[PDB]
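> Below you'll find the sequence and an experimental structure to go with it.
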Amino acid sequence: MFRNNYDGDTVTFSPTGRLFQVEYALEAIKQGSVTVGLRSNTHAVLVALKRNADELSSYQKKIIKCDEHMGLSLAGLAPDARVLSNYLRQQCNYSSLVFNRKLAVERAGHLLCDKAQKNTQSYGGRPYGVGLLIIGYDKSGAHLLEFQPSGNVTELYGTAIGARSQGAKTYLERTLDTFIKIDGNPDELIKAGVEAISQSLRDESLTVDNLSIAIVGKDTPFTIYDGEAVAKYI
Amino acid sequence: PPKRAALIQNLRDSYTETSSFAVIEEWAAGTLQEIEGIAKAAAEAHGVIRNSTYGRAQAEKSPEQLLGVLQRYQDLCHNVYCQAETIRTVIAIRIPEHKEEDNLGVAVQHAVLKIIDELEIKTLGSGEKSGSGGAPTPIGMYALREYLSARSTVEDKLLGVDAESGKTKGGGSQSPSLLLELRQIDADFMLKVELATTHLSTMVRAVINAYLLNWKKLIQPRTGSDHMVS
Amino acid sequence: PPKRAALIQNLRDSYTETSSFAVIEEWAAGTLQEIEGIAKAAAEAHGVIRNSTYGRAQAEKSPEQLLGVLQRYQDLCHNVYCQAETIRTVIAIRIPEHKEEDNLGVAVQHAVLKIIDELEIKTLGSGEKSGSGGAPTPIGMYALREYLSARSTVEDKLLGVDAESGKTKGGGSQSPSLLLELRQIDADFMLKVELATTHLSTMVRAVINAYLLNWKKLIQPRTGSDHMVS
Amino acid sequence: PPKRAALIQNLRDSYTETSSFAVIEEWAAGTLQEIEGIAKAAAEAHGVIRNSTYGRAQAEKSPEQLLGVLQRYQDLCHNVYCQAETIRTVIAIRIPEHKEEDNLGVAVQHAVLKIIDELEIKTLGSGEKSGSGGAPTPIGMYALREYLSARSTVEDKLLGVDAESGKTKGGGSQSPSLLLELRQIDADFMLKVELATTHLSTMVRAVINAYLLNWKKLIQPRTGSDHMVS
Amino acid sequence: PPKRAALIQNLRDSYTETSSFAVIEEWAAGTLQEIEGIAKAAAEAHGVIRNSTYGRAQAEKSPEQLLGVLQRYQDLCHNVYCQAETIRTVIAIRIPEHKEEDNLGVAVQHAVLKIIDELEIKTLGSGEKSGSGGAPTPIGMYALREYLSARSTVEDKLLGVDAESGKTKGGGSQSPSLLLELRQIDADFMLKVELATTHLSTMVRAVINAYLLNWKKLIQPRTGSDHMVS
Amino acid sequence: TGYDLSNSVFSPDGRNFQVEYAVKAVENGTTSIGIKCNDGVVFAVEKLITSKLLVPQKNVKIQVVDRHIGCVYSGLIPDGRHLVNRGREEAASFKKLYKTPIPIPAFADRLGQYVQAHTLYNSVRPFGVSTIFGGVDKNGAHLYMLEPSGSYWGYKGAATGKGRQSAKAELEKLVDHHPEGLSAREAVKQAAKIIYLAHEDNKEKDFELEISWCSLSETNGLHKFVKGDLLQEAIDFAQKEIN
Amino acid sequence: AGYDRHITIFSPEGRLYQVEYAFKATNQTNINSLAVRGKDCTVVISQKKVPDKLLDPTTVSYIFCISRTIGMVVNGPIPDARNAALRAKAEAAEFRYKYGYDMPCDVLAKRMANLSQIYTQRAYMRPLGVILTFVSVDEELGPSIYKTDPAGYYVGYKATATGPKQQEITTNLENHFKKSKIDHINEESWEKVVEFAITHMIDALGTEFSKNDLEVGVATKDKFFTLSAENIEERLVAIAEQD
Amino acid sequence: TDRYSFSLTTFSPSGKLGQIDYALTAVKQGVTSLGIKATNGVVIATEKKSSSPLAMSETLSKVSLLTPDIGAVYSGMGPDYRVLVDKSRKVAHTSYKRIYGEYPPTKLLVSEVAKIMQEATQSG
Amino acid sequence: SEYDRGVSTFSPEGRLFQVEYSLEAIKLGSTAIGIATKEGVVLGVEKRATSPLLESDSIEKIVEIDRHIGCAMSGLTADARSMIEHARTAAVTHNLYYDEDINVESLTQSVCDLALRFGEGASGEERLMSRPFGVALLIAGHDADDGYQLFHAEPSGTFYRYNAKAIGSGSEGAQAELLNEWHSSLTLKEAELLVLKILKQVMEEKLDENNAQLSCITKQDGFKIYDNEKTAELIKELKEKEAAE
């Protein structure tokens, strides 16, 4: 007694109209580390908490470049992200060589949605197990997005995904009026992101080894700050 | 349906998670030490009967010390069975709409409910009319009743019973074994309390663990979250 | 088939959803408080017997206070069992055409019907001739009958049997345990009413929740909707 | 096989759908009101016994009013069980060739047949020798027999013994409880008729619905139609 | 939930793996030799009764050497059943969160728990009220009780029993077979201890092996390891 | 049942449950409505603000096809965009062949035939959305509403989503007290109204309204987004009547 | 234990129920249709139930124009029938192209009864749950009527019926043809024949029709046409007195 | 029922392909049909059954011409026969008449047809 | 109990058990150990032969990818041969296109983008091979940008860089020990006796230069696989220090 004959394939609707295999996927995003993103009117920021195995292994990165004006952070199955971020790098390059115009961020959403799309409507496969927070700076200034494996890309002002991400999202939801106005100054937009992320720590605290950051905006091509260089925020 | 919503609301407010958690804390400290207490209370009571010689004198009175244990036991079972029904009432009223999907939590509910009922069965004991599993359960919480009924039948064959004129005899025995059996009925029912309580410890400790782990799912069997549809 | 349609119509008009919903409201307020009432009524009645000393005097009369509880209980079971059959009659007549498809609602119907029957089994009680599950059910609604039959058998052994002609006698009960058993039979049957009612609370509260949630599917097991075919 | 065809033909002509539909109409009106009648007939008869005081006088005669109910009941069960066998005979003879395909209708047949047998089991009652499910069924249609047998055993204990001269008696039975039990045996068997009939209403109303819906499939389990092959 | 974590912690600290491993070592040496000892103790006791002639003299006293064995046995069962409940308490409190995945270890836990309960059933013995499997289990740990009850019934038939003026006898007995039966009751209950212990050896040796192999999984049913997600 | 597992399979009564469940997922999404005024039509969808961190004016749910077709749906959002991109090719290749921008009625089949198809093979999942769309061609304006089985028709105005009935009764009405084509401008207005009234099922979740329209006189044949001033008016012209 | 799940497995008695079930779906339409042939015309009848004040009836038919001479009526879901309507609608075009002449009714029906056979033996898809009725005025048989089903069957009908009411509309005709002892309706013009069907149908159903409860089309000397909305009211009037 | 009769690819423990026999059942059901060989001729016949006389049976053949020297009939599933026929009249040109300038002998057409009949089998 | 039979099936808690079992396949391999030092990197493995008639060198548990990259595997051998092959082609090709040496991690990268090709069904592209590889890799190398690096490749598709790591049946106890030994200022000869020591420990059989293979790589001479005499005396020289302290 008590089975669920509707969760075997991404290609089956449960009596109520739910796609359980896709649901289970999101569940794997929750099991991954946390990552935060927030933006003003001159920059966007990604703050991530790298994880690791032993005191001997390295911390697995989670920030990825895509062009001089675009990037994302991830949560969940590393490989899936690779494929996705990669498909993205391609889409931007086309829109660059052929038309000679920097791919707008919203577009990058549609694109990542329609690709994630295909995997929820056909037999044989499985849905991507990974969420991404994309940031960029097109002709409409700053931009932040949040994509989920169901193909749902939503454009926010800030956010976090990952285990315990909850607390950080709360924080961001209050400090909003404050940072949405941090224009012209990047160093403060990041200190904000770092505060918000700490609202999600339980084991340790952020050290120079497990903290990653990234920014992009007005006069700041997407660059990533790693280790020994993010010290002035710890 | 604003009134139908009300009824269900008041129901779950009468028996919150706090009500059942309190029951677990009590079992954690108080109730467990009490069982361990009743354990040795009848342990030494069994040692006494082992070093005694029974004569016609002991058939003319019921050992008050033993009635003190079987009573103290019946009391404990009573409490537990009621404290359990509390935990059960907390869950039963939180079993969601019957569906053919999203029953991952519901399964947990039914699972714990089963272990609880298995506990209530032990305390309630065997009885005298029986469930297909028999009476492999030590002794019910009606030990007092069964005990007096067992001893009573033997006190009639021994003192025997009667009339007058000429001699009080009537029938008594010579069966030397029937006298030793009166001694065993006092010894056994004291052993049955040792065991019944030893196992009852285990059972209670189990339910505590089982509860403290799955409690979240017990209260929230389903976690609504429509992020896909919009 | 215009007449066959009629019969089925009148049937469902005699027992509408309103009929069964009323039963649930009654159980929500009135019926539950009554059970909680019978609970302590026999609780204090059990405390009294615990602080009393039994002599030959108590074997020459049946305690009217206890007969007052076992009666007040038998009355409550009677009502519930009838109020349940009401809810069941409301569903049974709404079980659709037997098919091999579209039984999502039907499943709900059968499910609730089962929990209801489990309730009716508790109230109806054990009896004296038994169902493979035994008599793990506290005490039937025939407590009065079983009680007098239990006490009666002991009042003969302690009261005596004296048959006559003036030249020989019969006898007067010496087993000290047989006297204490008369005391326990009054104590136990009072405890059996505490438990039976504690569990009966839980059961009723459960059925209320179970009903209030699935009621829509209980009345409308299938929702016709041919939007594809045309 | 022109003769083998005949036999099966005459069989189904003896018990047509009209035969079983008549049975349903009777249950719709006549038979249901009768059960509701026997319901209160024993309801007020139970109220009377509740407001009476029993003495030795009532042990020297059997209450004719009660024998009037248990008899009027046994009569109704008798009829139903026969009217059911009618409906069953209508189906049983229309169960098609045993196949491993096209059993959508056959399933309906077996389904209804099962509900009917469940009805026949209730009316036939429990008995005194028993089916793995026990005797959770109220009272058989042999109430009369069981009743007199129950009261009879108690009328001997109260009465005992009784040889006469007006100055001494025999017996016994001073047990005050044994007298009250004679009062309960009259009260219980009257309650058992209330319940047995309340549930019997539900069961009958159910079978009516179940029949009126699936009747087409009951007569025509398979609908031949070879439009593809030619 | 920092307090809820505490309770579960203290629980598992009270009954560590060391507690249960100690029980296994005891069974490995001490407890097994003891059973093998009780084995031949009743083996030679059975040989004695085979080479003896029973007369009225042996019905006027209970063979103390037999009582020495059945007692020494009841003692061993007592201990084992308690040492088992120890091992069970060690596992029951380490059954993880109810899930629908990663139950490879949980399966092992339940498996061993079952073999342990099968052991506890043997030691606890049959009894006198019975589980669907019957009483294929040799003799319970209530051998003493059943033995005296069996012999007692026969000692009343051989001896007779009296009262006074007329003749001391009163009850009491040709049948040459009834005398031989008193001889068999002593022989059988000695054989029942041989067998019960032979099988009890096997059972214990099995549980030892079963434990020593799966113990790792018994304590650590699930091994967390999220190397993929990050 | 074993007839609700596969997508191709027929139940004994010729019932395809997998498509039906598809609908259950549609009548749970947000609410989408479609108004057909005299010359042109009007569309409107209910966007749900879950949190305060949601740049407003962004995350649009209405898509234009070619440059004369409105298009809105409810249910699985990704399935949404999808069904439309196809519509976008289907459109384009058609104009590239015949020159004349695609006939609103023609367009619908293309989409139906496609959705149609996802009910034939058991290796794919039926579309989880109900779609409403329309535009103005050579024969004026038309307004259709396709669904999960590929079934569809022409409407005077319609809507799907969690709260559609209220949207319908308060929709049939407008028809009765206006039997003769509504009003270009007025449609919009009454549009923003029909949504609010229907949002009372999401009450506790503040929302954002989005309207687009297409009309031979205000848009000039082309489909445009209702932003700016007329966008406000229509809101209040509805917020007022909400009292 | 699933014979009836796969369109390719034979039951111990060579059944293939999936094909069978296919049929019941051709009934959940709840529309009845009969077609009778004149002497130089052919007419099909079908009811037009529109259960919604919102659906604009113009877009609510079950009879399409395959070619400029052949017309078709379908007893099934608008999605599935709309498919078939298209394939056949195209077989026509291509046939003409590849052979120099207009494709006959009797043929098109065989391309379809064949198409829905290969469709069903190779298992490349689920069988469409509809019945197709092909009518026209052939130049080698004039009054022609052929009807295919899901199992890949077809044949000629002197005038047939389809719907939840086979026999009624049918037998009623068997007794009318049992008299005239001929195999066709006699009359110089369509107008009059039309009147004959409506007439000879209300008789079997037991209900009156207006200019919206029905729907009819007819075939002339190479020129298939659907009966107008208002015009259907006409013959309805004329035959409301000559009773 | 077996667990071997639902796969063309499966041999029962004895060695009998299954789906084939059930297919062969739909045939042992179809309407009766016969054929008699003479010395100066051959006759093939089969009965006709009307769904209803409202249908024109003179627009649906049952005895078909494959070649102007060969005809054939059947018993079993109607629809199959209709196309199995047109595929036979072709495999009669493309496979013989168009290679040898003449129509095919009886024996070889029957085998060219059983060839198409074969395919239906060997292949799930 | 029910979700562990499909490589493309998420368990209710978002897990892919078939992948997990994949890994569990490696534990069955014999131990492999890698220790990185600012002097070079070392790789050692337990050979473990069923018979004395086997030819030792027949068991290639340590191999060369290129003059500057070597590695040791653990798990299914047939599955290994395929990765080793791809890896080698990857290196050589890059050389051809750039006239330079492939970065150790960029090589490791291509090895993982290979395992990433499991899954059968057809939801778009196409990657022919049913399940995950049953093997892990210890890739020791060196390049001008990040010096001596050591990696761990898993069939999951991810990888980490280590200072020292052990895989195979014994990675349980071996990894513990290494956690309490490794330190940035280890000399090459020091790490050799350490890899050698931990094997002997959590290994099993008497540690002879027949059931234990040892190798290393350096900027100076690239990947070299220590011959038997060397390892042999490195063992004696090892087992000796055990007497005193």
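Sure thing, it's come through. Numbering: from 1, shown residues only, chains lettered A, B, ... in the order given.

> Ramachandran coordinates for the residue of chain I found nearest chain G?
Residue nearest to chain G within chain I (Cβ to the nearest Cβ): residue I:122, separated by 16.0 Å. C-beta coordinates here come from the backbone N, C-alpha and C atoms, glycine included. Note on residue I:122: its backbone torsions stand at phi 100, psi 80 [degrees, to the nearest 10].

> How many neighbouring residues does it have?
Counted with other Cβ atoms under 10 Å in any protein chain shown, the neighbours of residue I:122 add up to 12.

> Test of understanding: give the bridge partners of the closest residue to chain F within chain B.
Of the residues in chain B, the one nearest chain F is residue B:229, at a distance of 4.8 Å by Cβ to the nearest Cβ. Note on residue B:229: beta-bridge partners by DSSP bridges are residue F:76.

> Spit out the contact partners of it.
Residue B:229 makes contacts with A:17, F:25, F:28-29, F:75-77, as judged by Cβ atoms under 8 Å, 6 or more residues apart in numbering or on different chains.

> any idea how far it is from residue F:24?
For residue B:229, the distance to residue F:24 equals 10 Å [Cβ to Cβ, to the nearest Å].

> Contact partners for whichever residue of chain H sits closest to chain C?
Shortest chain H-to-chain C distance, computed as Cβ to the nearest Cβ: residue-wise this is residue H:1, at 17.8 Å. By Cβ under 8 Å, 6+ apart, residue H:1 lies in contact with D:100, G:12.

> Would you verify that it is located in a helix?
No. Checked against DSSP: H, G, I helix; E, B strand; the rest coil, residue H:1 lies outside a helix; its state is coil.

> Give me the nearest residue to the closest residue to chain F within chain G, chain neighbours excluded.
Closest to chain F within chain G is residue G:25: 2.6 Å, counting by Cβ to the nearest Cβ. Sequence neighbours aside, residue F:14 is the residue nearest to residue G:25 in space, at 2.6 Å (criterion: Cβ to Cβ, 6 or more residues apart in numbering or on different chains).

> So what's the residue count around that neighbour?
For residue F:14, using other Cβ under 10 Å, the count is 22.

> which SS state does it fall under?
Recorded secondary structure, residue F:14: coil (three-state DSSP).

> show me where chain G has strands.
G:33-37, G:42-46, G:63-64, G:70-74, G:132-138, G:142-148, G:156-157, G:159-162, G:216-219, G:225-226 (DSSP state E).

> For residue A:18, list the residues it contacts.
Shown in contact with residue A:18 (Cβ under 8 Å, 6+ apart): A:6, B:101-102, F:25.

> Of those, which ones also sit close to chain H?
For chain H, no contacts are drawn from the contacts of residue A:18 by Cβ under 8 Å from any Cβ of the partner chain.

> Identify those among those that sit within helices.
If you go by DSSP state H, the contacts of residue A:18 have residue F:25 in helices.

> Let me have the contacts of residue A:18 in JSON lines, extended by distance to residue I:155 and neighbour count.
Output for the contacts of residue A:18, formatted as JSON lines (distance: Cβ to Cβ, whole Å; neighbours: other Cβ atoms under 10 Å in any protein chain shown):
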{"residue": "A:6", "distance to residue I:155": "30", "neighbour count": "21"}
{"residue": "B:101", "distance to residue I:155": "33", "neighbour count": "16"}
{"residue": "B:102", "distance to residue I:155": "32", "neighbour count": "21"}
{"residue": "F:25", "distance to residue I:155": "36", "neighbour count": "27"}
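
> Please work out which residues outside the lengthiest helix in chain G touch it.
Looking across chain G with DSSP H, the single longest helix is helix G:78-99. Outside helix G:78-99, the residues that touch it by Cβ under 8 Å, 6+ apart are C:228, C:230, F:109, F:112-113, F:115-116, F:119, F:149-153, G:62, G:64, G:66-67, G:70, G:72, G:74, G:102-103, G:107-108, G:111-112, G:115, G:128-130, G:132.

> for chain A, what spans make up the strands?
Going by DSSP E, chain A shows strands at A:35-39, A:43-49, A:63-67, A:70-76, A:130-138, A:141-148, A:152-155, A:158-161, A:211-217, A:220-226.

> Describe which strands the first one pairs with in its sheet and in which direction.
Same thing as strand A:35-39. Partners of strand A:35-39, by DSSP bridges, with direction: strand A:43-49 (antiparallel), strand A:158-161 (antiparallel).

> who touches it?
A:44-49, A:62, A:73-75, A:133, A:135, A:142-144, A:146, A:156-162, A:165, A:168, A:172, A:179, A:189, A:192-193, A:196-197, A:217.

> quick one on the thing from earlier: switch the strands of chain G over to CSV; also include distance to chain B.
Formatted as CSV, those follow (distance: least, Cβ to the nearest Cβ, whole Å):
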stretch, distance to chain B
strand G:33-37, 39
strand G:42-46, 38
strand G:63-64, 35
strand G:70-74, 34
strand G:132-138, 37
strand G:142-148, 38
strand G:156-157, 45
strand G:159-162, 37
strand G:216-219, 42
strand G:225-226, 41
